[PDB]
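One file, protein-v8.cif, is given below (mmCIF, C-alpha atoms; chains and numbers go by the auth columns).
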```cif
data_entry
#
loop_
_atom_site.group_PDB
_atom_site.id
_atom_site.type_symbol
_atom_site.label_atom_id
_atom_site.label_comp_id
_atom_site.label_asym_id
_atom_site.label_seq_id
_atom_site.Cartn_x
_atom_site.Cartn_y
_atom_site.Cartn_z
_atom_site.B_iso_or_equiv
_atom_site.auth_seq_id
_atom_site.auth_asym_id
ATOM 1 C CA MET A 1 3.227 17.794 10.353 0.00 5 L
ATOM 2 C CA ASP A 2 5.868 20.194 9.042 0.00 6 L
ATOM 3 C CA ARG A 3 4.122 20.851 5.760 0.00 7 L
ATOM 4 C CA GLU A 4 7.249 22.436 4.298 0.00 8 L
ATOM 5 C CA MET A 5 9.047 19.091 4.508 0.00 9 L
ATOM 6 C CA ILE A 6 5.974 17.243 3.229 0.00 10 L
ATOM 7 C CA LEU A 7 5.787 19.570 0.234 0.00 11 L
ATOM 8 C CA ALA A 8 9.507 19.219 -0.464 0.00 12 L
ATOM 9 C CA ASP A 9 9.235 15.428 -0.301 0.00 13 L
ATOM 10 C CA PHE A 10 6.188 15.313 -2.573 0.00 14 L
ATOM 11 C CA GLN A 11 7.820 17.480 -5.232 0.00 15 L
ATOM 12 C CA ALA A 12 11.084 15.524 -5.094 0.00 16 L
ATOM 13 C CA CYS A 13 9.339 12.195 -5.689 0.00 17 L
ATOM 14 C CA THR A 14 6.594 13.175 -8.142 0.00 18 L
ATOM 15 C CA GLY A 15 8.362 15.707 -10.325 0.00 19 L
ATOM 16 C CA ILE A 16 5.487 18.153 -9.867 0.00 20 L
ATOM 17 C CA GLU A 17 7.466 21.392 -9.572 0.00 21 L
ATOM 18 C CA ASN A 18 4.458 23.722 -9.604 0.00 22 L
ATOM 19 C CA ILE A 19 3.897 24.611 -5.941 0.00 23 L
ATOM 20 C CA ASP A 20 0.203 25.479 -6.221 0.00 24 L
ATOM 21 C CA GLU A 21 -0.505 22.193 -7.959 0.00 25 L
ATOM 22 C CA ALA A 22 1.537 20.272 -5.370 0.00 26 L
ATOM 23 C CA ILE A 23 -0.279 21.929 -2.469 0.00 27 L
ATOM 24 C CA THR A 24 -3.678 21.275 -4.039 0.00 28 L
ATOM 25 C CA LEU A 25 -2.841 17.576 -4.393 0.00 29 L
ATOM 26 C CA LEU A 26 -1.529 17.400 -0.835 0.00 30 L
ATOM 27 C CA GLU A 27 -4.684 19.078 0.502 0.00 31 L
ATOM 28 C CA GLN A 28 -6.842 16.546 -1.365 0.00 32 L
ATOM 29 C CA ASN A 29 -4.936 13.821 0.475 0.00 33 L
ATOM 30 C CA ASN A 30 -5.192 15.513 3.877 0.00 34 L
ATOM 31 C CA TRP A 31 -1.455 16.165 3.675 0.00 35 L
ATOM 32 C CA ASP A 32 -0.768 12.434 4.021 0.00 36 L
ATOM 33 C CA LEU A 33 2.425 12.192 2.009 0.00 37 L
ATOM 34 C CA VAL A 34 2.153 8.441 1.453 0.00 38 L
ATOM 35 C CA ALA A 35 -1.327 8.796 -0.045 0.00 39 L
ATOM 36 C CA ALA A 36 -0.508 11.816 -2.210 0.00 40 L
ATOM 37 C CA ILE A 37 2.529 10.130 -3.767 0.00 41 L
ATOM 38 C CA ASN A 38 0.819 6.821 -4.557 0.00 42 L
ATOM 39 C CA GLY A 39 -1.885 8.970 -6.105 0.00 43 L
ATOM 40 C CA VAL A 40 0.243 10.324 -8.941 0.00 44 L
#
```
Let's see the structure in the file written out as structure tokens.
Amino acid sequence: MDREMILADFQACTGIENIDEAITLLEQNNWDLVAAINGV
């Protein structure tokens, strides 16, 4: 999955710069970037 890239992408598009918060949101979406983004 390359979670580093997924995290980078999520932060770039959502503006959520807090890493812990970003990871929590990604985990709640099973690291599915598409779902996490359209969830903000």
So the first atom is CA of residue 35 in chain L and the second is CA of residue 5 in chain L; what is the distance between them in Å, to one decimal place? 8.3 Å
Quote the spacing between CA of residue 19 in chain L and CA of residue 37 in chain L in Å to one decimal place.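 Between CA of residue 19 in chain L and CA of residue 37 in chain L the gap works out to 14.1 Å.
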Report, in Å to a single decimal, how far apart CA of residue 11 in chain L and CA of residue 41 in chain L are.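 About the pair CA of residue 41 in chain L and CA of residue 11 in chain L: they are 10.8 Å apart.
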Restricting the calculation to all atoms listed in the file, which member of L:28, L:36, L:23, L:44 is positioned closest to residue 6 in chain L?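 Closest candidate: L:36.
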Write out as a ChimeraX atom specification the residues lying within 12 Å of residue 38 in chain L, counting all atoms listed in the file and excluding same-chain residues fewer than 4 positions away. /L:10-11,13-14,17-18,29-30,33-34,42-44
